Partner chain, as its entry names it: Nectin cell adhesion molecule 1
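Below, in structure tokens: the form solved without the partner chain, a single chain.
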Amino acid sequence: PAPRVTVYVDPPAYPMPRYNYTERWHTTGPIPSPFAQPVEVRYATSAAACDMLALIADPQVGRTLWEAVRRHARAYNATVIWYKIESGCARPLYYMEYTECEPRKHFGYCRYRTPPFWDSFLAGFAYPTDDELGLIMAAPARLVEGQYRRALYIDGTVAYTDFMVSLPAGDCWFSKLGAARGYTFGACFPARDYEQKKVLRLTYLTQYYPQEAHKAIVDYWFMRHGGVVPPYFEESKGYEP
């Protein structure tokens, strides 16, 4: 019978970033609709309730930057958005804008970034993978089950991936079941609100730590309750009969 206790650990790490960039603060904008061949679907589940969950689908961004270098492109730009898809509506989860990026280097080497805009509930237990293209969730509560949509924009061109998240082991004893005032994900918006430009990022989401520190803060909380961070997160499975 495995104990359910806090454990000693070092404070959250302060990693050195990959590179120096200018952070663009206090920007807003309408988040594009997530709706409308069809979308590549993947599946993510956890064998144990206090496991880490990954949402991983290599989007082949390496090739599309290689394509741009072959056309002598001087730069590229990018936007990464996550949503929770429900009946009729979508919750915005994550927004991140990369501008003036170098295509000869690996994705993300950009002269300008916004901070990542996060849903407040989600940011307490989840952070982007190291390549900033997937998500890691640290022992999510069962209420996290659902359909998560990733939208990758390169040079204005979007590509979508869905993740069907299934959590049959239930809550973990230390899962975060709410943020302040018990709030869970933020408001679900229907397609029309997105189209009419009402889902302003600075209004519904909050600017947050870059991936290195974000991973460090959550990993610390996760580890202090006994969790082990895996050394690798494999690609999420597709549909299998």
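Numbering follows the first chain given and starts at 1. Rigid core here is just the name for the largest C-alpha set that superposes within 1.5 Å across the two forms. Shifts are known only where both forms have a C-alpha.
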**Request:** Check the residues of the deposited sequence separating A36 from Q37 and report how many of them have no coordinates, as none, 1 to 3, 4 to 9, or 10 or more.
**Result:** 4 to 9
**Message:** Regarding 69-77 and 113-121, which shows the higher C-alpha temperature factor on average in the entry?
**Reply:** 69-77
**Asked** Should the higher mean CA B-factor in the entry be assigned to 96-104 or to 127-135?
**Response** 96-104
**Asked** If you compare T45, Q207, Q211, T203, which has the highest Cα B-factor in the entry?
**Response** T45
**Asked** Highest Cα B-factor in the deposition, which of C172, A54, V199, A216?
**Response** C172
**Position of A141 among the chain's modelled residues by C-alpha B-factor, lowest, middle or highest third** = highest
**Message:** For the chain shown, is the CA B-factor of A13 in the lowest, middle or highest third of its modelled residues?
**Reply:** lowest
**Fill in**
Tertile call for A90 (CA temperature factor, within chain, third-based) is the highest
**Message:** By the recorded C-alpha temperature factor, relative to the other modelled residues in its chain, which third is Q147 in?
**Reply:** middle
**Asked** Compared with the other modelled residues in the chain, in which third is the CA B-factor of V158?
**Response** middle
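The same protein has a further form, the form solved in complex with the partner chain, not shown here; the description that follows concerns it.
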**Prompt:** Out of the stretches listed (203-211, 40-48, 190-198, 55-63), which one is close to the partner chain in the deposited bound form, meaning heavy atoms within 4.5 Å?
**Reply:** 203-211
**Asked** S120, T99, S166, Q147: which sits within 4.5 Å of the partner chain in the deposited bound form by any heavy atom?
**Response** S120
**Asked** Would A216 show up as a contact with the partner chain in the deposited bound form if we use heavy atoms at 4.5 Å?
**Response** yes
**Message:** Test of understanding: in the deposited bound form, would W173 fall inside 4.5 Å of the partner chain by heavy atoms?
**Reply:** no
**Request:** Give a yes/no on whether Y232 approaches the partner chain to within 4.5 Å in the deposited bound form, heavy atoms considered.
**Result:** no
**Prompt:** Looking in the deposited bound form, any heavy atom of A179 within 4.5 Å of the partner chain?
**Reply:** yes
**Prompt:** With both forms fit on the core, has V228 moved 2 Å or more by CA between this form and the one not shown?
**Reply:** no
**Asked** On a core-based superposition, does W25 travel 2 Å or more at its Cα between this form and the one not shown?
**Response** no
**Message:** Using the rigid core as the reference frame, would you say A179 shifts its C-alpha by 2 Å or more between this form and the one not shown?
**Reply:** yes
**Message:** Taking only residues present in both forms and a 2 angstroms threshold on CA movement, what segments of three or more in a row shift between this form and the one not shown once the core is aligned?
**Reply:** 12-17, 155-157, 179-182
